[PDB]
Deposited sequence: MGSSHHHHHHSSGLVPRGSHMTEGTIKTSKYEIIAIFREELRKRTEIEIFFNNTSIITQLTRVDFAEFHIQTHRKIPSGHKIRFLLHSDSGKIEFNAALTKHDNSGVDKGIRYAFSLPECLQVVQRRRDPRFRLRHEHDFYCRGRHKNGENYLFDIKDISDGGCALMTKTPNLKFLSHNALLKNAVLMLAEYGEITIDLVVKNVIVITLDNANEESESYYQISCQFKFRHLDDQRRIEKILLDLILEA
């Protein structure tokens, strides 16, 4: 839409990686960046991180007991996109954490559909979105992340009746601290339940509202582009 495409996170609708070397280098970078990994089986997902990686296996550490028999599904929350694969269990021993070892996958799939990178607002930044629903009821949301094309809003107290898919939040106001305020339409793309971590070992539940910007004027888009560049370069 704008042409601006910073390096990192090139789009792919689905790229298959199969080289044992690259698969290892990828696991090593995501263990280091402490990337979130998500583990799915029998209709639910654990969520952990990697503990070590070598040339035949990767290792996690979870209080839950993971099954055995066949390969189970994984999803890495990588800055390159969602990295998915299947891996089988090979070792487990008995903080009462069960050490776990999985064979490295033979192939990974990378999917990166985001045309604009998303900046995650850290506790150094306190941005909000306020507005009025169609019935005049007021709302105020924390902004979790923001990109040239939209944002994710966090709240414990959504009014779900105004948050169906593609519902419009008309004349929301982004409150971006030193950057001022911008009035904007938001199209609701998704609503999920999320567990970020509060301070500090305590994990807490939030609703996450994924939104697309519908700009009022072309200059509002350019203004957001300048804010994101500032955010990225100053952190």
**Request:** Identify which parts of the deposited sequence carry no C-alpha coordinates, going from the N-terminal end onward.
**Result:** 1-10, 105-107
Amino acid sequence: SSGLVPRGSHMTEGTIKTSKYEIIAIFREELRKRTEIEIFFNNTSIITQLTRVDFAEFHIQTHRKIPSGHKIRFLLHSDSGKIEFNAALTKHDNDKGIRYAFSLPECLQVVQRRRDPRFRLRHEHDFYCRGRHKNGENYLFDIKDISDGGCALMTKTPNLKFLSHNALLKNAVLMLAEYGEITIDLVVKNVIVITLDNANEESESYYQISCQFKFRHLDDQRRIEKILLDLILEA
From here on, numbers count along this sequence of modelled residues.
**Asked** For the stretches 54-62 and 184-192, which has the higher mean C-alpha B-factor as given in the deposited record?
**Response** 54-62
**Item:** Greater mean Cα temperature factor according to the PDB record, 67-75 or 123-131
**Value:** 67-75
**Request:** Could you tell me which one of 166, 210, 200, 171 shows the highest CA temperature factor in the PDB record?
**Result:** 200
**Of the residues 90, 159, 138, 80, the one carrying the largest Cα B-factor as recorded** = 90
**Message:** Splitting the chain's C-alpha B-factors into thirds, which one does residue 106 fall into?
**Reply:** middle
**Fill in**
Chain thirds by Cα B factor, record data; residue 118 belongs to the lowest
**Prompt:** For residue 27, does the deposited CA B-factor place it in the lowest, middle or highest third of the chain?
**Reply:** middle
**residue 232 by Cα B-factor - lowest, middle or highest third of the modelled chain** = middle
